[PDB]
Every structure is written in structure tokens, then in C-alpha cells.
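One chain comes next, on its own, written out as C-alpha cells in the form deposited in one PDB entry.
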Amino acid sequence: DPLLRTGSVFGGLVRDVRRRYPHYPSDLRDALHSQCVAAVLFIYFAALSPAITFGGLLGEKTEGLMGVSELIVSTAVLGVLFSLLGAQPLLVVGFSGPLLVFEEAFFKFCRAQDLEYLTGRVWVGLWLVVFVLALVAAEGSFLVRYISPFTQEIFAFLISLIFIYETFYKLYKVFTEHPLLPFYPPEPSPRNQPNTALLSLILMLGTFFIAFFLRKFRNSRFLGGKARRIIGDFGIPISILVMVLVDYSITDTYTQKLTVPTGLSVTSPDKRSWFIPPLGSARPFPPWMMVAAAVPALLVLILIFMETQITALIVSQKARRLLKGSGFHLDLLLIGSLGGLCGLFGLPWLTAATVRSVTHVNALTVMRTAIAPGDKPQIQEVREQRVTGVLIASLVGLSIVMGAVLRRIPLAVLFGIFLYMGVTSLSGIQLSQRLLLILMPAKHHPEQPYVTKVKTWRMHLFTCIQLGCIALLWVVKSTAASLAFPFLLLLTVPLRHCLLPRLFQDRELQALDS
């Protein structure tokens, strides 16, 4: 019962510490295996590229005040600290879309009022630190017990759908940069090149299909058990290596490659330094802004709390076989304090990444070798350790000095990898199966508890409601009112507790929503 209220100050935190910290030698010792290396290699590429993409976007939005080097430094430091001191070291911290929305809105507001951007960020971070400390000291992390699987499925489905859409849009942009023309006259990024878009499509699809086939090969009957396990563990590194070698063989055509800034330097050395004075560098900071920086701190707190807590709820479900424990108090305090303190040095804030954390958990899941003939395998265990997170964060930080190796890797391979992650993440969602049940004939539905106890037309209404919520949230995100997306999602918690009982019966809701 980690969500019970004790009535003492900092009670949940000491309970989490006493529950988790004794397992520390076990956490260090469980990492001696071959699956950990494959997980590290997969998640390193899964985590590095969004840093580069969002760093480029942030540098475009904030006129070079924050770029790629700042985001890389923040990701590395926060990831290392969270993995070392966290109660759930299987979570991956990183940047996200709502954070970018908040940063661009705050930059516009600061430029409108003739204020320094980084000083406002400093005071916002300090207010956020105060708010997180006050919330944790009041054991306020028990409200998570009101977050039903309704909102969890909605959140996971929306996030994975957006991930897949963005990957496809990135692929499409190549075809507009490099169109297929009749004549290519002979001649600062290259533009209007021949054989560039089609090769990119081929590389992306090849990587995706090789990874998917190698994943299917694990449950087959060919070869020995050990060879099957080893090949199944290393499917994605093998796909990446094969497609990179294939692309390297063709040396006549232009393809875009990974570019990482060289050296540990601030993006604009003339405009700013690594430390931001809290009282002002060029002008004195007005006290009224220092007082009034609380509202953006409240928005950031709501965003971070929602994302981190929903990710921790999804990751630690009972069907996923998590044993060492879960922390709903220590993780929030760690993330809030580190994010608030990051404002002093002009680094962006971070939160727990959902798809990356789910993929990290999946890459360490060990299934039963004694697969029943013609039956889906069941989860045997999950490897719990702290080495993988520290290694991934260290590699992300160290990528600055390894630009030479990273320069040989095309982006279409990573597009295929991201497609694989997005497609795989949607298979652990019950809404996915309840959506597949729409196509099957009414006599073909399986024996799940939501099938026997509910009529079909009363099971499809729940799915329609969830899909309507997902569509409305996507529409809200796409328009100019995206800054209110974290709030609207939290509005689906009253709906399941005040309105759904008025339509459904308690017995139906017990089986459908569980």
C-alpha cells in the first residue's frame, strides 16, 4: 500500500527510502547479463536523437539562448542523478513537446514586456522548487490513487500515435527537400538531389522489417535455445548495423547523417555565459516579476507531475511483473528539485519520457523459454538494475566527443527504429485489443472478462468514448491553445468518477475499466 496516507510529515518519502534502498546490492548485481548491453545500445539511439531535434527547434525559437549543447548537458546530468538516487531507476528523463510549448510561450511573453529571459527562468525554477517541497511535505502524492486506467490508456494511446505521425512527417519532408525531377542540371545543405528520397524510404523500411522479422524469430523453433535468445536480444542493433553497412556500400548518392556539435561550449558565447546571475546581468531585475513568477511555476509543476506520475503508473502495472517496489514520492521530489535548480545555469527542464521508459522496460523483460505449443508466451521476470540508466545518460553526455563515429549513420535507419518503437508500444494497451474487437464478428470475441459480463453494444460505447477523448485531446494540442493540454487531460479523472456511473452500471465498470 504505497498510496496510503500516514499523517506524518515526509512519511511517504521515508517509507519509499526504507522500501527501496536495502535492495541496492541486488540492483548493482542484476546487471551482469547480455541483455543489458543490447538494451543500452537500443535506448542510447532512442534517446540521443530527440535531444538533437528539440535542441535545433529550441535554438530556432529562443534566438540561440538555448540550443543543443544545453539540452545535452541537462539530459546527461539529470539522468545520471535520477538513476543514482531514484526509487524507480527504469524511468528515462528527457524533453517533450509541452515543455517546448511552454518555453516558446514564455520567451514571447518576456520579449513582449522587455525582460531578461534567463532571469525569469531562474525565478520560475526557484518557485517550482518551493512548490514541489511544499507538496511532498504534505504527502500530496496520494491523489494518484484516483487515476483510473481510463486516463492511462488515453494518455499512452495518444502519445504513441503522435510519435508515429511525427516519424512519418519527418520521412515526408525529405521528398519535398529532394523532389523527383526529369532533368538534374549540374551545380549550405544540398538541395534538389537525385536518388536521395527513394533511398531514404528503402533504408527506413528495410530497418523496420529486419527488426520486426528478427523479433518474430525469437519464438520460432529453429536453431538452439541459446542462439535464439541471443539473436532475439540483439535484433535492433543488428538491423541498425546491417542498414548502415548497406548505406555505406553505396558511395555515389547524398544522404543526411547525424550531426553533433563539437566541444563543451555554450550555443552563443557572446550573448551569455554558463551561469546566469539571479539579480540581472545588463539591467536590474524588477521585484514585481520576482514575486509574480509563481504562475508559470504552477503550470510547470502541473505538467511535470502529470507526466511523471502517469508514466510511473503505466510502468508499474501488476501485469508487467515489477517486484523491487515503486516510488511515488521520491521520484517527484527528485525531478522537481533538479528541474528547479537547473534554471540557475540556463538549462531546460526535464520530465519522464513515456515511450522511452516503456521501451526501456520492454527491452529488459525476460519471457518463459518453456513456451506452450501454440500459445502466447507469458512474462517470466523483469531485470531491475541501475546500471543501464547511468550508462545511457553518460553516453548521451559523451556523444559530444564521438561525432566522427556518429557522422557515418544516416537518419532513415533511425526513422525505421522509431517506427518500430511506436508500433511495439501500442500492443501493451487494452484499448488496442478492444479496438481490434470491432472488426471481428460478434461470435469471434475472446473470453476476456470485459466480453462475457458486458453486451457487445455496451462494450463498444466505452471504446467510442475513449476514442472521442483521444481525438479531442489531439485537436486541442494541434491548435494554438496547446498550453492548456495538461489541464484538459486531468479533466478526464472527474469524468470517470462523476459521469460514467450515471450511464454504466457498477458491475460493468468493474470489468471494463480495470
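Throughout, we count residues from 1 along the sequence that is shown.
Quick note: we don't show the form solved in complex with a small molecule, though the next part is all about it.
Exercise for the section: Report the stretch among 65 to 73, 450 to 458, 482 to 490, 32 to 40 that approaches the small molecule in the bound PDB entry to within 4.5 Å, counting heavy atoms only. Expected result: Of the options given, it is 482 to 490.
Handout entry: the small molecule in the bound PDB entry: contacted by all of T53, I162 and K170, heavy atom 4.5 Å
Key = Judged in the bound PDB entry, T53, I162 and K170 all sit within 4.5 Å of the small molecule.
Exercise for the section: Note which of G97, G140, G280, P377 lies within 4.5 Å of the small molecule in the bound PDB entry, where distance is taken over heavy atoms; exactly one does. Expected result: For this set of options, the contacting one is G97.
Practice task
Would you mind picking the one in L84, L135, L341, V101 that has a heavy atom within 4.5 Å of the small molecule in the bound PDB entry?
Solution key: Exactly one residue meets the criterion: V101.
Problem - Contact test in the bound PDB entry: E166 vs the small molecule, heavy atoms, 4.5 Å - result: Yes.
Handout entry: Exercise: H445 in contact with the small molecule in the bound PDB entry, heavy atom 4.5 Å
Key = Answer no; every heavy atom of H445 is more than 4.5 Å from the small molecule in the bound PDB entry.
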